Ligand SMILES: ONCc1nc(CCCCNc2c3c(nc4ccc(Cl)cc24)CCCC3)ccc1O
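Just the one chain here, the form deposited without the ligand, laid out as structure tokens.
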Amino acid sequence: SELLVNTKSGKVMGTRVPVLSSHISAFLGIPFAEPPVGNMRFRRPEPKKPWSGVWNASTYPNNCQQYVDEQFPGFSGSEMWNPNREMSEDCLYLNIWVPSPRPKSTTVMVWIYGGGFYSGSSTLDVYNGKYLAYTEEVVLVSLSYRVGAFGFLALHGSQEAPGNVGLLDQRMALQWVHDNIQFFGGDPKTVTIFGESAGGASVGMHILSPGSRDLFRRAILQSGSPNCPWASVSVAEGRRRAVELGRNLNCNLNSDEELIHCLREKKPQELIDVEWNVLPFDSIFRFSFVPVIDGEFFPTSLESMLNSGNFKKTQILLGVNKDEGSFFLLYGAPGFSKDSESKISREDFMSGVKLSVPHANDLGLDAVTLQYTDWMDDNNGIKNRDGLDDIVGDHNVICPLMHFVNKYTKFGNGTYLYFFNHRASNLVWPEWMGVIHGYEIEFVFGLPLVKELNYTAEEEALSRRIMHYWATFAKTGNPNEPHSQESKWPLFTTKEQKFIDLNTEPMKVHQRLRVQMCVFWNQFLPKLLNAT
């Protein structure tokens, strides 16, 4: 049977699913690890024990325990990101979409969801891999991993809560793909991992980590890189946050053993209800439990690794969205509202700057403010609103990714950069937010090909181009068709630094993506904060 697959862990039974008037196979909820529950909470994952009989993989698995956004009850804009399945600590499963008839050895794409390392689900409607699997004829895999304290609580030095276990979940899933995807028609030597935001940072982290490098061929990073200011913390800060968490739940803090044991006795929701209280600063775009530079998963600091070429050398495709920061300002910055134009005053502008660069001293705050203020029109509400939007995006997403790409490209075997600047015609979020963080995902997974979702003809065409770029890159290491007559996506080189825009207009190639600001965020500001 096409729906029956015998893997090294046991037999699995998939289900046939309709897609654009055709069909493909889907294997949902395949376990790749032992449920990290009880005494296993906070521990590195263990391989799923082989099973006898047939594993029923016809329905989505549970979603990992996580904070749930309730800022806009009922609103599709935000609820489309919330878990759509029951939450459970028993959540380490993966999903596979296989073309029909089943391929023999086709290209594999493994999706790693984002969510600031504190949320995310592989089961969201925007992550339905059936469209991409069907249209590009690839085996599409989406994995899952522990988030929040459950996946990143870090008490370095102890083996009970070492940290980075969420990244180890991802690695274990990749290990399963490497060992079993051949039975689903996939080519284990041609796997491309791709992800957005924290998922993009994760992909970059696997490129860096010695223990993950051999598990994939190529990589795609969307709006996220390993060196992002929010993506990781020191073992010291990790420890500090772990202890403060214990303090919020009145835990015994005399020893790690004491703290960990006390935390393992708490229901999931108890840790989640106080998770946000451990941040060191009043801030925006900063998350509590994230990866930690431990000396194991990450041999040394990320900067020294990027500088010495200590990372997997292969081809990479990556880029950002035009307005990465609007989402975080809407939720946490004074003056921003979902139902108004959010024109910002001088007062709230500087209030926002302080929130966006929490680690900055006064001189630093002044530098940022001067860098993004038009003094010939300083009380212009729209300029202050957009200036703040740019700050959040440049500091947290764009400039860090540009630092990564420039450092990587010196040792890599091929880089392709994009700038996604098309605002979907059916977006429910306000106009002032622009091309929002995460809204390029729907074009990557091809939702515009489904009429009932209400996209325009040009948006469907844009989705097919993007899906074809991603899949062709995954297959060949180059997004372009060898002998195509279409416009060519130039290779980003250390010298030219070319990139393309991604929208419904004829392809336009540019150079040095936001260089002016990136030099400020990557060279000047850090030097200023270190000297003063």
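Residues that one form lacks are left out of the comparison. Just so we're on the same page, rigid core means the largest C-alpha set that superposes within 1.5 Å between forms. Position 1 is the first residue in the sequence shown; the rest follow in order.
- Query: Which is higher in the entry, the mean Cα B factor of 326-334 or that of 110-118?
  - Reply: Result: 326-334.
- Query: Per the PDB record, is the mean Cα temperature factor higher over 445-453 or over 160-168?
  - Reply: Per the PDB entry, the higher value belongs to 445-453.
- Task: Return the residue from 466, 68, 474, 37 that has the highest Cα B-factor in the entry.
- Result: Of the candidates given, the C-alpha B-factor peaks at 37.
- Query: Which of these has the highest Cα B-factor in the record: 242, 219, 293, 96?
  - Reply: Answer for 242, 219, 293, 96: 293, with the highest C-alpha B-factor.
- Query: Lowest, middle or highest third: where is residue 51 by C-alpha B factor in its chain?
  - Reply: Highest third of the chain for residue 51's C-alpha B-factor.
- Which third of the chain does residue 517 land in by C-alpha B-factor: lowest, middle or highest? Ranked within chain, residue 517 CA B lands in the middle tercile.
- Item | Within-chain third of residue 484 by Cα B-factor, per the entry | Answer is highest: the recorded C-alpha B-factor places it there.
- Query: When the modelled residues of the chain are sorted by Cα temperature factor, does residue 261 land in the lowest, middle or highest third?
  - Reply: For residue 261, whose C-alpha B-factor we compare with every modelled residue in the chain, the answer is the highest third.
- Message: Could you place residue 494 in the lowest, middle or highest third of its chain by Cα temperature factor, using the values in the record?
- Response: It belongs to the highest third of the chain when residues are ordered by C-alpha B-factor.
The same protein also exists as the form solved in complex with the ligand; that form is not shown, yet it is the one meant from here on.
- Query: Considering the ligand in the entry with it bound, which of 284, 208, 405, 174 comes within 4.5 Å of it through any heavy atom?
  - Reply: Here the answer is residue option 284.
- Item | 311, 118, 420, 298 - the one with a heavy atom within 4.5 Å of the ligand in the entry with it bound | For this set of options, the contacting one is 118.
- Task: Just one of 67-75, 151-159, 298-306, 381-389 has residues with a heavy atom within 4.5 Å of the ligand in the entry with it bound, so point it out.
- Result: Of the options, only 67-75 has residues within 4.5 Å of the partner.
- Task: Could you confirm whether residue 183 comes within 4.5 Å of the ligand in the entry with it bound, counting heavy atoms only?
- Result: No.
- Message: Can you tell me if residue 332 lies within 4.5 angstroms of the ligand in the entry with it bound, counting non-hydrogen atoms only?
- Response: Close contact exists here: in the entry with it bound, residue 332 approaches the ligand to within 4.5 Å, heavy atoms only.
- Message: Within 4.5 Å, heavy atoms only: does residue 243 come near the ligand in the entry with it bound?
- Response: Looking in the entry with it bound, residue contacts with the ligand do not include residue 243, since no heavy atom lies within 4.5 Å.
- Would residue 249 count as touching the ligand in the entry with it bound under a 4.5 Å heavy atom rule? Taking the distances in the entry with it bound, the answer for residue 249 is no, it never comes within 4.5 Å of the ligand.
- Rigid core superposed, please list the runs of 3+ consecutive shared residues whose C-alphas all move by 2 Å or more between this form and the one not shown. Residues 281-285 form the single run that moves by 2 Å or more between this form and the one not shown.
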